[PDB]
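*Asks:* This is the structure I want to talk about, given as structure tokens.
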Amino acid sequence: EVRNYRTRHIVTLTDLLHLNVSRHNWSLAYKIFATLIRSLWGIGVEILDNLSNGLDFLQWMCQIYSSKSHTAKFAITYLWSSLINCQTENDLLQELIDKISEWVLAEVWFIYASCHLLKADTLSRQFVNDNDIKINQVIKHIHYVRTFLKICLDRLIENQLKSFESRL
Amino acid sequence: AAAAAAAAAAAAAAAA
Amino acid sequence: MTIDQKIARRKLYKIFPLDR
Amino acid sequence: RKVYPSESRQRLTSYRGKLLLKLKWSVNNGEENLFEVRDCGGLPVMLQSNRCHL
Amino acid sequence: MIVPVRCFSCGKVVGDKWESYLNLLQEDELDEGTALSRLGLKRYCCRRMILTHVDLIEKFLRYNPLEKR
Amino acid sequence: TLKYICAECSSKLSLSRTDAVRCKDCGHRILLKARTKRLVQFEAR
Amino acid sequence: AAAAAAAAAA
Amino acid sequence: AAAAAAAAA
Ligand SMILES: [Zn+2]
Ligand SMILES: [Zn+2]
């Protein structure tokens with residue numbers, strides 16, 4: 001049948017963890033989760049973001065395990081956290097995104113396209129300001145916009161980009 | 001279940 | 001007080017490596 | 001598992017990069033086509049190039 | 001690599017005058033010629049010894065397999 | 001005192017027979033044999 | 001009374 | 001009371 005102390009303890013710990021998620025127990029989650037370590041980890045990812053004490057690391061580790069082999073559930077999440085967190089150097093993230101897409105050919109490509117768009121917006125206002133210059137940044141911004149346009153292709157979004165270019 | 005109950009009891013005792 | 005995820009990461013790495 | 005160029009030199013092994021080759025299988029005038037991403041084997045990658053990490 | 005001990009041509013100790021030469025060029029802001037003169041190098045053989053020294057040891061040391069990063 | 005230096009993290013960790021040829025601290029497959037205290041005679045010429 | 005007894009046991 | 005007594009003892 002059920003284990004003497006060990007099986008019952010695990011079940012009770014899981015129940016307690018569920019109760020902690022229902023009611024935030026930053027402390028309960030920290031000790032309950034530790035006891036629970038003895039797939040899955042969304043609650044662990046959730047507790048770090050819900051109760052902080054910088055919640056980005058655990059998700060990265062989870063995403064890293066079980067790679068070799070719709071799409072992957074661990075991952076499509078990790079990517080979203082990144083852009084929102086950014087909202088350190090981003091280029092790097094964009095590079096990582098490309099790498100993932102290369103390895104695996106909801107499409108990640110859409111997420112990658114969205115990420116560049118954020119950079120363009122920052123570029124658009126910085127360029128608009130006088131402190132007064134004619135080429136450089138404007139040409140760079142135009143190139144970025146074209147690149148963003150290509151990825152989406154292969155209405156609201158397009159409209160937004162256009163507005164952005166005009167302001168710049 | 002019995003084991004769990006026992007554990008709970010023990011915990012309670014400890015608390016007391 | 002609490003080891004944190006750090007502990008989980010270390011465990012995983014060791015398992016990659018032989019653990020006993 | 002990112003691997004630097006330098007490890008290969010010490011190891012005396014080819015700094016081979018992994019290739020990705022996906023096919024297009026069309027039968028009966030391409031009524032149905034299945035594409036499979038498959039390993040294309042390993043080929044050497046030039047240092048300080050786009051494929052390389054440096 | 002490091003500053004050679006003694007001038008190849010005559011044998012005048014030059015190894016103790018390397019760090020002192022850079023101090024005469026940095027802090028004292030002197031020219032190459034006057035700096036060598038203050039170190040006590042009048043023969044052109046002793047003059048070129050320090051003047052022409054590369055000191056690749058400082059470039060070489062940056063690779064240390066005994067300390068992390 | 002037996003020594004083996006890791007090529008990546010530079011950690012001095014020696015390992016005996018029936019053990020994986022890898023550093024314990026990090027997953028690196030190359031190990032530098034460290035210099036131990038031994039007499040090496042030389043002529044100052 | 002009962003509460004007091006419990007405290008003593010602890 | 002009994003408990004108290006016991007404690008005292
Ligand atoms: Zn000389
Ligand atoms: Zn190591």
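Ligands are numbered from 1 in the order shown, chains are lettered A, B, ... in the order of the structure tokens, and residues start at 1 in each chain.
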As a list in words, list the residues of chain H assigned to alpha helix (DSSP H) by DSSP on the backbone atoms of this structure.
*Replies:*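 Answer for chain H, restricted to alpha helix (DSSP H): residues 2, 3, 4, 5, 6, 7 and 8 of chain H.
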*Asks:* Please save N, CA, C and O atoms of the selected residues as a PDB file, in the first residue's frame.
*Replies:*
ATOM      1  N   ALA H   2      -4.832  18.430  39.481  1.00  0.00           N
ATOM      2  CA  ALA H   2      -4.045  17.189  39.503  1.00  0.00           C
ATOM      3  C   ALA H   2      -2.736  17.387  38.735  1.00  0.00           C
ATOM      4  O   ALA H   2      -1.654  17.016  39.214  1.00  0.00           O
ATOM      5  N   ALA H   3      -2.883  17.969  37.560  1.00  0.00           N
ATOM      6  CA  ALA H   3      -1.758  18.254  36.661  1.00  0.00           C
ATOM      7  C   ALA H   3      -0.731  19.138  37.371  1.00  0.00           C
ATOM      8  O   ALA H   3       0.479  18.870  37.331  1.00  0.00           O
ATOM      9  N   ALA H   4      -1.258  20.172  38.001  1.00  0.00           N
ATOM     10  CA  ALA H   4      -0.450  21.148  38.748  1.00  0.00           C
ATOM     11  C   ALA H   4       0.355  20.439  39.835  1.00  0.00           C
ATOM     12  O   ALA H   4       1.563  20.677  39.995  1.00  0.00           O
ATOM     13  N   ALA H   5      -0.348  19.583  40.555  1.00  0.00           N
ATOM     14  CA  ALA H   5       0.230  18.792  41.653  1.00  0.00           C
ATOM     15  C   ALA H   5       1.395  17.952  41.132  1.00  0.00           C
ATOM     16  O   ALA H   5       2.476  17.911  41.739  1.00  0.00           O
ATOM     17  N   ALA H   6       1.132  17.301  40.015  1.00  0.00           N
ATOM     18  CA  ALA H   6       2.111  16.432  39.343  1.00  0.00           C
ATOM     19  C   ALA H   6       3.370  17.231  39.002  1.00  0.00           C
ATOM     20  O   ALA H   6       4.499  16.780  39.256  1.00  0.00           O
ATOM     21  N   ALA H   7       3.130  18.397  38.435  1.00  0.00           N
ATOM     22  CA  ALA H   7       4.199  19.325  38.027  1.00  0.00           C
ATOM     23  C   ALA H   7       5.067  19.685  39.234  1.00  0.00           C
ATOM     24  O   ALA H   7       6.304  19.655  39.162  1.00  0.00           O
ATOM     25  N   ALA H   8       4.379  20.016  40.310  1.00  0.00           N
ATOM     26  CA  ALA H   8       5.015  20.397  41.580  1.00  0.00           C
ATOM     27  C   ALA H   8       5.924  19.268  42.071  1.00  0.00           C
ATOM     28  O   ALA H   8       7.077  19.502  42.463  1.00  0.00           O
TER      29      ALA H   8
END
*Asks:* Would you name the residues within 10 Å of ligand 1, counting only C-alpha atoms and all ligand atoms, and put them as an NGL selection string?
*Replies:* :E and (6-14 or 41-49)
*Asks:* Step by step, measure atom-to-atom distances between ligand 2 and each residue using only C-alpha atoms and all ligand atoms, keep those at most 8 Å, then write them as a PyMOL selection string.
*Replies:* chain F and resi 6-11+22-28
*Asks:* Save out the residues we just selected, N, CA, C and O atoms, as an mmCIF file, in the first residue's frame.
*Replies:*
data_model
loop_
_atom_site.group_PDB
_atom_site.id
_atom_site.type_symbol
_atom_site.label_atom_id
_atom_site.label_comp_id
_atom_site.auth_asym_id
_atom_site.auth_seq_id
_atom_site.Cartn_x
_atom_site.Cartn_y
_atom_site.Cartn_z
ATOM 1 N N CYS F 6 41.759 22.144 -13.589
ATOM 2 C CA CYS F 6 40.729 22.207 -14.621
ATOM 3 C C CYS F 6 41.155 23.256 -15.643
ATOM 4 O O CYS F 6 41.783 24.252 -15.274
ATOM 5 N N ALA F 7 40.843 23.034 -16.923
ATOM 6 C CA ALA F 7 41.223 23.990 -17.957
ATOM 7 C C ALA F 7 40.310 25.223 -17.954
ATOM 8 O O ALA F 7 40.798 26.327 -18.192
ATOM 9 N N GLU F 8 39.008 25.044 -17.637
ATOM 10 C CA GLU F 8 38.026 26.127 -17.644
ATOM 11 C C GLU F 8 37.970 26.932 -16.333
ATOM 12 O O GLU F 8 38.323 28.112 -16.355
ATOM 13 N N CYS F 9 37.504 26.325 -15.216
ATOM 14 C CA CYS F 9 37.320 27.022 -13.935
ATOM 15 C C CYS F 9 38.623 27.154 -13.101
ATOM 16 O O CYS F 9 38.611 27.850 -12.082
ATOM 17 N N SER F 10 39.726 26.511 -13.542
ATOM 18 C CA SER F 10 41.066 26.522 -12.923
ATOM 19 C C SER F 10 41.087 25.919 -11.495
ATOM 20 O O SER F 10 42.006 26.214 -10.721
ATOM 21 N N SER F 11 40.123 25.033 -11.178
ATOM 22 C CA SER F 11 40.038 24.389 -9.865
ATOM 23 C C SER F 11 40.972 23.185 -9.783
ATOM 24 O O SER F 11 40.937 22.309 -10.650
ATOM 25 N N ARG F 22 36.660 14.319 -15.767
ATOM 26 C CA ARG F 22 35.946 15.591 -15.787
ATOM 27 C C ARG F 22 36.118 16.279 -14.438
ATOM 28 O O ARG F 22 36.244 15.607 -13.411
ATOM 29 N N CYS F 23 36.106 17.622 -14.444
ATOM 30 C CA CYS F 23 36.190 18.445 -13.242
ATOM 31 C C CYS F 23 34.886 18.293 -12.443
ATOM 32 O O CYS F 23 33.819 18.107 -13.034
ATOM 33 N N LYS F 24 34.973 18.339 -11.106
ATOM 34 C CA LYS F 24 33.807 18.186 -10.235
ATOM 35 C C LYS F 24 32.960 19.464 -10.199
ATOM 36 O O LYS F 24 31.739 19.383 -10.335
ATOM 37 N N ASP F 25 33.610 20.635 -10.030
ATOM 38 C CA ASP F 25 32.982 21.959 -9.944
ATOM 39 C C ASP F 25 32.202 22.339 -11.220
ATOM 40 O O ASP F 25 31.111 22.901 -11.108
ATOM 41 N N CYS F 26 32.754 22.040 -12.416
ATOM 42 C CA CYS F 26 32.114 22.340 -13.704
ATOM 43 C C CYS F 26 32.345 21.195 -14.703
ATOM 44 O O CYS F 26 33.340 20.476 -14.605
ATOM 45 N N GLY F 27 31.437 21.055 -15.661
ATOM 46 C CA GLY F 27 31.513 20.011 -16.674
ATOM 47 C C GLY F 27 32.540 20.263 -17.760
ATOM 48 O O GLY F 27 32.159 20.575 -18.894
ATOM 49 N N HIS F 28 33.849 20.118 -17.435
ATOM 50 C CA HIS F 28 34.925 20.312 -18.412
ATOM 51 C C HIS F 28 35.749 19.034 -18.581
ATOM 52 O O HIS F 28 36.185 18.431 -17.596
#
*Asks:* Show me, as a ChimeraX atom specification, every residue of chain A with an atom at most 9 Å from chain D, counting only C-alpha atoms.
*Replies:* /A:102-105
*Asks:* Given a cut-off of 10 Å, which residues of chain C touch chain F, counting only C-alpha atoms, written out as a PDB file with C-alpha atoms, in the first residue's frame?
*Replies:*
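The file below, part_25.pdb, is the result:
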ATOM      1  CA  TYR C  13      23.955  19.081 -12.453  1.00  0.00           C
ATOM      2  CA  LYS C  14      25.214  16.304 -10.234  1.00  0.00           C
ATOM      3  CA  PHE C  16      23.899  14.698 -15.146  1.00  0.00           C
ATOM      4  CA  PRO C  17      27.178  13.538 -13.538  1.00  0.00           C
ATOM      5  CA  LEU C  18      27.175  10.185 -11.740  1.00  0.00           C
TER       6      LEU C  18
END
*Asks:* What are the closest atom pairs, with distances in Å to one decimal, for all residues of chain G lying within 9 Å of chain H? Consider only C-alpha atoms, order rows by chain and residue number, and present the result as a Markdown table.
*Replies:*
| residue | atom | partner | partner_atom | distance |
| --- | --- | --- | --- | --- |
| G:1 | CA | H:1 | CA | 8.2 |
| G:4 | CA | H:3 | CA | 8.3 |
| G:5 | CA | H:3 | CA | 6.1 |
| G:8 | CA | H:3 | CA | 7.3 |
| G:9 | CA | H:3 | CA | 8.9 |
*Asks:* Could you tell me which residues of chain B sit within 8 Å of chain G when counting only C-alpha atoms, and give me the result as a VMD selection string?
*Replies:* chain B and resid 13 to 16
*Asks:* Could those residues be written to a file, using N, CA, C and O atoms, as a CSV table (one decimal), in the first residue's frame?
*Replies:*
chain,number,residue,atom,x,y,z
B,13,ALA,N,1.5,17.2,18.8
B,13,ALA,CA,2.2,16.9,20.1
B,13,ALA,C,3.4,17.8,20.3
B,13,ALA,O,3.6,18.5,21.3
B,14,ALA,N,4.2,17.9,19.2
B,14,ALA,CA,5.4,18.7,19.2
B,14,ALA,C,5.1,20.2,19.4
B,14,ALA,O,5.7,20.8,20.2
B,15,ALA,N,4.0,20.6,18.7
B,15,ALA,CA,3.5,22.0,18.8
B,15,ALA,C,3.2,22.3,20.3
B,15,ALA,O,3.5,23.4,20.8
B,16,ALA,N,2.4,21.4,20.9
B,16,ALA,CA,2.0,21.5,22.3
B,16,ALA,C,3.2,21.6,23.2
B,16,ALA,O,3.2,22.5,24.1
*Asks:* Using only C-alpha atoms, which of the listed residues (A:21, A:48, A:123, A:72) sits closest to residue 138 of chain A?
*Replies:*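 Under the stated criterion, the closest residue is A:123.
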*Asks:* Just need the residues of chain D within 12 Å of chain F, counting only C-alpha atoms, so spit them out as an mmCIF file with N, CA, C and O atoms, in the first residue's frame.
*Replies:*
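Result file is out01.cif:
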data_model
loop_
_atom_site.group_PDB
_atom_site.id
_atom_site.type_symbol
_atom_site.label_atom_id
_atom_site.label_comp_id
_atom_site.auth_asym_id
_atom_site.auth_seq_id
_atom_site.Cartn_x
_atom_site.Cartn_y
_atom_site.Cartn_z
ATOM 1 N N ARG D 1 24.444 24.031 -24.090
ATOM 2 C CA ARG D 1 25.819 23.549 -24.030
ATOM 3 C C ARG D 1 26.686 24.251 -25.077
ATOM 4 O O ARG D 1 27.103 23.644 -26.065
ATOM 5 N N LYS D 2 26.928 25.540 -24.865
ATOM 6 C CA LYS D 2 27.747 26.327 -25.779
ATOM 7 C C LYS D 2 29.202 25.884 -25.699
ATOM 8 O O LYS D 2 29.739 25.710 -24.609
ATOM 9 N N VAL D 3 29.843 25.718 -26.851
ATOM 10 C CA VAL D 3 31.241 25.300 -26.880
ATOM 11 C C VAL D 3 32.121 26.317 -27.590
ATOM 12 O O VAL D 3 31.871 26.673 -28.738
ATOM 13 N N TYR D 4 33.161 26.768 -26.900
ATOM 14 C CA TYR D 4 34.096 27.733 -27.457
ATOM 15 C C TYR D 4 35.095 27.080 -28.397
ATOM 16 O O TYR D 4 35.283 25.867 -28.358
ATOM 17 N N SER D 6 38.306 27.385 -28.375
ATOM 18 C CA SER D 6 39.486 27.000 -27.601
ATOM 19 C C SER D 6 39.482 25.591 -27.058
ATOM 20 O O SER D 6 40.530 24.959 -26.982
ATOM 21 N N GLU D 7 38.317 25.097 -26.657
ATOM 22 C CA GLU D 7 38.214 23.737 -26.140
ATOM 23 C C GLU D 7 38.622 22.713 -27.197
ATOM 24 O O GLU D 7 39.283 21.724 -26.890
ATOM 25 N N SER D 8 38.229 22.956 -28.444
ATOM 26 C CA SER D 8 38.559 22.077 -29.550
ATOM 27 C C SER D 8 40.073 21.981 -29.756
ATOM 28 O O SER D 8 40.589 20.901 -30.042
ATOM 29 N N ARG D 9 40.791 23.095 -29.616
ATOM 30 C CA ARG D 9 42.243 23.062 -29.802
ATOM 31 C C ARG D 9 42.941 22.156 -28.794
ATOM 32 O O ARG D 9 43.798 21.355 -29.158
ATOM 33 N N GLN D 10 42.563 22.276 -27.525
ATOM 34 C CA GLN D 10 43.153 21.453 -26.481
ATOM 35 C C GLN D 10 42.795 19.996 -26.703
ATOM 36 O O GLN D 10 43.626 19.103 -26.569
ATOM 37 N N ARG D 11 41.538 19.782 -27.075
ATOM 38 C CA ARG D 11 40.975 18.456 -27.305
ATOM 39 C C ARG D 11 41.449 17.730 -28.560
ATOM 40 O O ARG D 11 41.187 16.536 -28.707
ATOM 41 N N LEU D 12 42.079 18.466 -29.477
ATOM 42 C CA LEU D 12 42.563 17.936 -30.760
ATOM 43 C C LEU D 12 41.433 17.298 -31.567
ATOM 44 O O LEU D 12 41.603 16.241 -32.170
#
